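Q: Handing you a structure now.
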Amino acid sequence: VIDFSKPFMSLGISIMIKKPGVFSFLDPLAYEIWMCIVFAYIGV
Amino acid sequence: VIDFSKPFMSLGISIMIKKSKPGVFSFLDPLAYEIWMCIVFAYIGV
């Protein structure tokens, strides 16, 4: 129904998604493990 | 001089690069350079 010129801009359908602690070296073991390690050290 | 249809394919200028031998001192690669330097400093201070 209307005349289009050549595309002045090209686009497509795209996906938009939403985009270390100081003591993070303790992260491999849980906090309870460290606490029980201290307790076991005292007991030993 | 001629009539073009709408683009059936869109393109542009692009960069093509080739798709690694280990370095001599690549055994230091797991840790950052700043970590090694601070390890030396910490050793001296200790």
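We label chains A, B, ... in the order they appear in the structure tokens, count residues from 1 in each chain, and number ligands from 1 in the order shown.
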Report as a PyMOL selection string the set of chain B residues whose atoms approach chain A to within 10 Å, with distances computed over only C-alpha atoms.

A: chain B and resi 4-7+10-11

Q: Write the residues of the preceding selection, restricted to C-alpha atoms, as a PDB file, in the first residue's frame.

A:
```pdb
ATOM      1  CA  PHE B   4      16.702  -3.456  -6.900  1.00  0.00           C
ATOM      2  CA  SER B   5      14.347  -5.454  -4.730  1.00  0.00           C
ATOM      3  CA  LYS B   6      14.518  -5.304  -0.957  1.00  0.00           C
ATOM      4  CA  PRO B   7      17.659  -6.955   0.465  1.00  0.00           C
ATOM      5  CA  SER B  10      22.203  -8.222   4.856  1.00  0.00           C
ATOM      6  CA  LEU B  11      25.972  -8.075   5.292  1.00  0.00           C
TER       7      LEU B  11
END
```

Q: Could you go through chain B and tell me which residues DSSP, when run on the backbone, assigns to alpha helix (DSSP H), listing them as an NGL selection string?

A: :B and (33-45)

Q: Go ahead and compute the interatomic distance for CA of residue 19 in chain B and CA of residue 33 in chain B, in Å to one decimal.

A: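 These two atoms are separated by 26.9 Å.
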